[PDB]
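A.B. asks: just the structure for this:
(7 chains, ligands or ions: 6)
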Amino acid sequence: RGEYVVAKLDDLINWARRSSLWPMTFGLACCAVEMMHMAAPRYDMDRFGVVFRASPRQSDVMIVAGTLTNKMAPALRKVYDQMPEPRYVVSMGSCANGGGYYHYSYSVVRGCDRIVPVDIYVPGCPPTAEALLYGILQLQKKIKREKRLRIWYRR
Amino acid sequence: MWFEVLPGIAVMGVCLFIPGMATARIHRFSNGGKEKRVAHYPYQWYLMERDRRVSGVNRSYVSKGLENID
Amino acid sequence: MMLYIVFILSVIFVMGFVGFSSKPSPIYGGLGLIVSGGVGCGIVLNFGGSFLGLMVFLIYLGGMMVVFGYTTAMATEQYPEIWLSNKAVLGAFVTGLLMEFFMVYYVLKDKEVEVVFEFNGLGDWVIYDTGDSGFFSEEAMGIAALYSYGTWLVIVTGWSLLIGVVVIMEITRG
Amino acid sequence: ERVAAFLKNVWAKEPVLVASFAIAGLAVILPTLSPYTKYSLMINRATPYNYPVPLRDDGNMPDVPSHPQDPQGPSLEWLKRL
Amino acid sequence: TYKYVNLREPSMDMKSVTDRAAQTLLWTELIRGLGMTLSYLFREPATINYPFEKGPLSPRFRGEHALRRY
Amino acid sequence: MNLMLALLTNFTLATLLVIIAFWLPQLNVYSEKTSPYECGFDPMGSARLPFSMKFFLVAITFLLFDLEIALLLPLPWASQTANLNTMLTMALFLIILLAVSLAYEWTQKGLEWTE
Amino acid sequence: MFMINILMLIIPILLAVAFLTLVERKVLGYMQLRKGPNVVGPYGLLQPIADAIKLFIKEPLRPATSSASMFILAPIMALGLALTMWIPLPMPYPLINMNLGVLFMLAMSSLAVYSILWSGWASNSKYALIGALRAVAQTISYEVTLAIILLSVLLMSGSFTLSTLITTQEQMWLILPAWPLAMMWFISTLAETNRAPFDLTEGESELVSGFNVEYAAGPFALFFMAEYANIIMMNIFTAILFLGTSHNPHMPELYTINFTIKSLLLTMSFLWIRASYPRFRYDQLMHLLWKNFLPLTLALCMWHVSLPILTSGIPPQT
Ligand SMILES: CCCCCCCCCCCCCCCCCC(=O)OC[C@H](COP(=O)([O-])OCC[N+](C)(C)C)OC(=O)CCCCCCCCCCCCCCCCC
Ligand SMILES: CCCCCCCCCCCCCCCCCC(=O)OC[C@H](COP(=O)(O)OCCN)OC(=O)CCCCCCCCCCCCCCCCC
Ligand SMILES: CCCCCCCCCCCCO[C@@H]1O[C@H](CO)[C@@H](O[C@H]2O[C@H](CO)[C@@H](O)[C@H](O)[C@H]2O)[C@H](O)[C@H]1O
Ligand SMILES: CCCCCCCCCCCCO[C@@H]1O[C@H](CO)[C@@H](O[C@H]2O[C@H](CO)[C@@H](O)[C@H](O)[C@H]2O)[C@H](O)[C@H]1O
Ligand SMILES: CCCCCCCCCCCCO[C@@H]1O[C@H](CO)[C@@H](O[C@H]2O[C@H](CO)[C@@H](O)[C@H](O)[C@H]2O)[C@H](O)[C@H]1O
Ligand code: SF4
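C.D. replies: Numbers count the residues shown, from 1 in each chain, chains lettered A, B, ... in the order given. Ligands and ions are numbered 1, 2, ... in the order given. Sure, the structure comes next:
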C-alpha cells in the first residue's frame, strides 16, 4: 500500500526534524536573556536536541527574542531568507508578538509577523525560560503533525 | 548522572572495535587460517612468489612440507 | 590496462601541467600543480621510489598552501579567471589537450610514436629489472647515504638554506 | 659569579630556551664521552645485508675459515653479552 | 577603602623561579583547570525533567490574565 | 590494486553522499536565499578583494623549513650506516644550522607579524 | 574479500563518528552541570540518527557568488581523505600495510587542508575567506614541528612502518622515554584537527562559522563527519605512537580491545580539553609552536639522534 508507506515515511522525516531543531544564534533584547536561561543547566535545551548554531545556513528555527525595530527589520528578513528550508519562526515576547511596550513607537515594527511568517507565539514580557521551552515543545508537536508526503501522494 | 554517558561510549567503543577485529579475521579466512604474509622488502616478495609456484594451486599461502620431498 | 599504469598517470601529469601552464587564476593553477604533484608521486612510486614520490608530494602540498595564501593577498582580482572565462587561457588549454590527445592516440595505435624524437609504446614495464631479492630498499639506502657519502652535499645545502633565510629577510625589509 | 647570575635570569624568563640549549648540548657532548658509542658501529658492521662471497682457497689463508663453524673469522660473543 | 586586584611582585629566590619554570613547562596550572571540570563531570546535574517537573514559583507570579467573580 | 580500490571506494562514498544531499531534499531557490552571508546586511565590496597577509615572512620561512625535514626524515635509515662518526656529525650539523636560522629570524624580528 | 574489508572499515568509522557527536554533547553537558541529549532515544542514543537524517533532507544551498565546482569538490575531498587516513592503521593489522605509513599519513593530512582552503575560497564570502586564511596560518604553525616530533620518535622505532611501533613498544610504552615529545605531539594534534583551544578556522564566536559558514544540509554534514573522523584517527595514531598495545598473534582481538580503550580515552581527553580552556588567538598559536615547541623539538631531535648511538641502542632497520 502506498498510503501506509508514505505515512511511515512522514513519521520518519517529521521525527528527524523535530528531534534535531537548531535555532539560529539570534537574539534582540531582554527576551534573549530568558533564551539564555533555556540553554542554562536547569532547562538544558540541548537535552531535547536543541542546539544553537550561528550560521543561518545551519539553522532550522529563528527565535525572534526581543524588539524588532525598523532599522533592524531588513537584517532580520535577510537572515531568515538565508535559512534553508524547512525553516520555522518562533515569536518570543510581547515586543516580537505585536510591539509590546513599544507598540506606539515611531521606530518599532508592530509584530515580527509583518516581516516573517510565524509558527509559534510565546507570550510574556519576557516569557519565563520554561514558557519558551513550552513554546519549543509546541513547535515540535506542530512539526510532528506535518503531512508533506501524505499530501504529495494525493496530488 | 554521569554514568548515563556510558551507553553512548560503549556504542562508540563497539563500532571502533569492529574494523580491527574484521581485518584480522578476514586475513585468516583469506590466507588459510594464518596471518597475511607481510612483504616489505623484495626478498620477502620473492619467497612469497616462490611459494605460489611451489603450492601447485597458485596460492602463496598453501604450504608444502616434507611430504613434498620424496 | 593495468600494465599501462605509469602511462595513464603520466597523461594526467601533462593535463595538470596544461592546467597551470595556461595560467588561469593562480588559485586554479595551484590546483593543477597539486594534481600533477599527486600523480607524479604515483609515477615515481611505481618505479620503486616510495620515499621520493611521497616526499615530492609532501613538499609541493606545503608549497601550494603558501602560494594559496599569497594569492588571496597579492594575486587576486574581482573576477578570478577559470579556464573557460578567458579566450587566451582557453586557447592554450585546448591546444595543450589536443597536442596531448594526439600523442596518446598515435603512440597507442602504433605501439610507437615520433614526436620530434622516437618513443616506444610497448608499455613502460618492459624496461624494468627482472631480479630483485634484497632485504632492503635500494632507494632508502641511496638516500640515507647523504649523511655518510654526501658530506659535501650536506654542507652546501645546509649553508644555502641558512643563507636563504638571511636573504629573504633582507629582500623584504623595505 | 656571572655564570649563575645569567643562568638564573634565563631560567626565570625563558625556561623553554634554557631547556633547549641544555638538551642540545648533551646531544653534542655525551656521544664523545660514552663508552658504549663504539658498539654502535660494531653492531652496524655485524649486520649482514649482503651475501658473504667465499674466497678461492689458494692454499695459504690460515686466518680464513673453511666452514662457518670453524674457529676462524670474526665472532659475535661480544654481541651476545651486550 | 580600596584594594589592589593586581599589584604584586613575584619573588626571585631560586625555589620560586623553578616553581614557575615547572609551571611553564609542565602546564601545572592548565592541569589544575582540568581538575575543576572533572569534578563537575561527577556532580549531579541541575537539570529538571520538564514537562514532568516544573521550576518553582511563588504566589505572586504574574502570568495569564483572568476576570474573577464573587 | 588494494590501495587504488580503497581510495576509489572512499571518494565514491563521499560523492554518493553529496548526490543524495542535492537530489533528495525539496528545493526553493530565490535571489535573497542564495545571497552572500554577512550577519544580515549586504556585503561592502567583493570577497575577492586582496586580503593582506601579516605573517608573510613566516610563510616564506615555512617553505625553507619544510624542506629541511625532507633532509632529516632519512635519519632513521642513515643511523644504520657503519660510518657513524660522519653521519652523526652531519646530522647534528644540519639541525644546528636550522636552529641558527631560526634564532636569526627570531632575533631579527621576522617572527613578529606586520601591524 | 578485500571489498568487504573496506566496508567493514568505513561503515564503522562513520557510525563511531555519529555517536562521538552524542558522547561529546553528553560529556560537555555533565561537565557543564547539565545532561545533554537524553530525550531522543534512551539516553539520547537516537540523537545522532535524527541529526543525520535532518541534514540530508535539508535544502542544500549553492551561494550565488560561489565557484560551483570547487564548492562541491571541497566537502567530497574532506570526507574522502578523512576515510583514507584509516587504511594504514594497524589495529593490529592494517588494511593496507605500507612501508612508509607515517609518511603517507603526513602527506594525506597536508592534502586535507585544501578542503578547508577551497571550500572557504569557493564560498566567495568574507567570513569564509577569513576562516580559510586562518587554516593557512594554522598549517604553517604546526606542520614543521609535527613532522620533526614524529622523526624523533621514529629514531627509536627504526622505520616509518606503523606496525613496527607495536614491536618497538612490546616491553614498554614509548610515552616513558619520550614524554616531552608526547606532550608536544598531543598539542599538535589539537591544532592539526582544528580542535579547541585551536578551533580557529571555524571560530564560532569570532567568524560565525568561518570556512564553512555558507554550507548547509548534506554538504555541511560532510565537513562535520570529516573533522570528527580525523579527531578519532589522530588519537588512534597517538595511541600507537606512545601507548603501544602488546600484540598476541593468536589472540588479535585482545590487542583490539586494549587499543580501542586507549584510543577512546584519548578522544575523551579532546572533549575534556574543549570544556576547560578559552580559545587561542591565531597569531598566538603561531608563536606557541615556533617560539616554544620548535626550539625544544629541534633540541630533542638532536638528542634522539645521538642517544641511540651513544647508548648503542640503535633499532633494527627491519
Ligand atoms: C549518512 C547519510 C544519511 C542520509 C539520510 C537519508 C535520509 C533517509 C530518510 C529518507 C526519507 C524519505 C525522503 C523524504 C524526504 C524528501 C524531502 C521532502 O520533504 O520533500 C517533500 C516533497 C513535497 O513535495 P510536494 O509536491 O508535496 O509540494 C512541493 C511543491 N510546492 C512547493 C509547490 C508545494 O515531497 C516530494 O516532492 C517527493 C517525496 C518523495 C518521497 C520519496 C523519496 C524518493 C527518493 C528519490 C528522490 C530522487 C533523487 C534520488 C535521491 C537518492 C535516493 C536515495
Ligand atoms: C638525560 C637528559 C634528558 C634530556 C631531555 C630532557 C627533556 C625533558 C625536559 C624538558 C622540558 C620538558 C617539558 C617539555 C614539554 C613542552 C613544554 C612547553 O612547550 O610549554 C611551554 C608552552 C608555552 O607556555 P607560555 O607560558 O605561554 O610561554 C612561555 C614563555 N614564552 O606552554 C604550552 O604549551 C601551553 C599549551 C596550551 C594548550 C594546552 C591544552 C591542553 C593542556 C592539557 C594537556 C595535558 C598533557 C597531556 C599529554 C598527553 C600525552 C599523550
Ligand atoms: C581526466 C581525463 C583522464 C584521461 C586519461 C587518459 C588515459 C590514457 C588512455 C590509455 C589507454 C591504454 O589502453 C591500453 O592499450 C593496450 C594496447 O595493447 C591494451 O592492451 C591490449 O593488449 C593485448 C594485445 O595483445 C590485447 O589482446 C588486449 O585485449 C588489450 O588489453 C589495453 O587493454 C588498454 O587498456
Ligand atoms: C654551525 C656548525 C655546527 C657544527 C656542530 C658539529 C657537532 C658535531 C659533534 C660531534 C658529533 C660526533 O661525535 C663523535 O661521534 C663518533 C661516533 O658517532 C664518536 O666515535 C665513537 O664511536 C665510533 C663508532 O660509533 C667509533 O668509531 C669511535 O672509536 C668512538 O670514539 C666520537 O667519540 C664522537 O666524538
Ligand atoms: C639546537 C636547537 C635548540 C637551541 C635553541 C635554538 C632556538 C633559539 C631561539 C632564539 C634564541 C635567542 O633569540 C631570541 O631573541 C629575542 C629577542 O628579540 C628574544 O625574544 C624576546 O621577545 C620575544 C617576544 O616578546 C620573546 O621571545 C621574549 O619575550 C623575549 O626574550 C628571545 O628570548 C630569544 O630567544
Ligand atoms: S517582550 Fe518584554 S522582555 Fe522581551 S524584549 Fe520586549 S520588553 Fe524586553
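A.B. asks: use CA for all of it now, contacts and neighbours both
C.D. replies: OK.
A.B. asks: quick check: closest non-adjacent residue to the spatially most central residue of chain D.
C.D. replies: By Cα atoms, centre = their mean, chain D has its centre lying nearest to residue D:40, at 2.6 Å. Spatially, and ignoring its direct neighbours in sequence, residue D:40 is nearest to residue G:312 (4.6 Å; Cα to Cα, 6 or more residues apart in numbering or on different chains).
A.B. asks: so the one you found touches residue D:34, yeah?
C.D. replies: No. Residue G:312 is beyond contact range of residue D:34, at 9.5 Å (criterion: Cα atoms under 8 Å).
A.B. asks: so those two - more neighbours on which side?
C.D. replies: Higher neighbour count among residue G:312 and residue D:34: residue G:312, with 20 against 14, using other Cα atoms under 10 Å in any protein chain shown.
A.B. asks: tell me how far the more buried one lies from residue G:114.
C.D. replies: Plainly put, residue G:312 is 43 Å away from residue G:114 if you go by Cα to Cα, to the nearest Å.
A.B. asks: right, and the residue nearest to the centre of chain D touches residue G:307 too?
C.D. replies: No. The criterion here is Cα under 8 Å, and residue D:40 misses it with residue G:307 at 10.7 Å.
A.B. asks: shared neighbours, the two?
C.D. replies: Overlap of the contact sets of residue D:40 and residue G:307 (by Cα atoms under 8 Å, 6 or more residues apart in numbering or on different chains) consists of residue G:313.
A.B. asks: can you pull out the helices in chain D?
C.D. replies: Assigned by DSSP state H, the helices in chain D fall at D:2-13, D:15-33, D:37-46, D:77-80.
A.B. asks: which one, of these, ends up nearest to ligand 6?
C.D. replies: For the helices of chain D, proximity to ligand 6 was assessed by Cα to the nearest ligand atom; helix D:2-13 is nearest, at 51.1 Å.
A.B. asks: so what does the closest one touch, helix or strand wise?
C.D. replies: Counting by 3 or more Cα pairs under 8 Å, 6 or more residues apart in numbering or on different chains; DSSP states H and E, the packing neighbours recorded for helix D:2-13 are helix D:15-33, helix E:14-26.
A.B. asks: would you list every one of the strands in chain C?
C.D. replies: Under the criterion DSSP state E, chain C contains strands at C:112-115, C:117-120.
A.B. asks: hang on, the earlier thing: as TSV, the helices and strands packed on helix D:2-13 with mean neighbour count and distance to residue A:115 would be great.
C.D. replies: Shown next, in TSV, are the helices and strands packed on helix D:2-13 (neighbours: other Cα atoms under 10 Å in any protein chain shown; distance: least, Cα to Cα, whole Å):
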stretch	mean neighbour count	distance to residue A:115
helix D:15-33	17	59
helix E:14-26	15	55
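A.B. asks: for ligand 5, find the nearest of those.
C.D. replies: With Cα to the nearest ligand atom as the criterion, ligand 5 lies closest to helix D:15-33 of the helices and strands packed on helix D:2-13, at 4.6 Å.
A.B. asks: next one: that closest one to chain centre, how far?
C.D. replies: Here helix D:15-33 is found 19 Å from its chain centre; the criterion is Cα atoms, centre = their mean, to the nearest Å.
A.B. asks: can I get that helix as CSV, trimmed to CA atoms?
C.D. replies: The C-alpha trace of helix D:15-33 is given here as CSV (Å, rounded to 0.1, in the frame of the first residue of the first chain):
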residue,chain,number,x,y,z
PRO,D,15,63.0,28.3,30.8
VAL,D,16,62.0,26.8,27.4
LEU,D,17,65.1,28.1,25.8
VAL,D,18,67.2,27.1,28.8
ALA,D,19,66.0,23.5,28.5
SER,D,20,66.5,23.6,24.7
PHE,D,21,70.2,24.6,24.9
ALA,D,22,70.9,22.1,27.7
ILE,D,23,69.4,19.2,25.8
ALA,D,24,71.2,20.2,22.6
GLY,D,25,74.5,20.5,24.5
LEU,D,26,74.1,17.0,25.8
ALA,D,27,73.5,15.6,22.3
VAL,D,28,76.7,17.2,21.1
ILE,D,29,78.8,16.2,24.2
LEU,D,30,77.7,12.9,25.6
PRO,D,31,78.5,10.8,22.4
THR,D,32,82.2,11.6,22.8
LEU,D,33,82.2,10.6,26.5
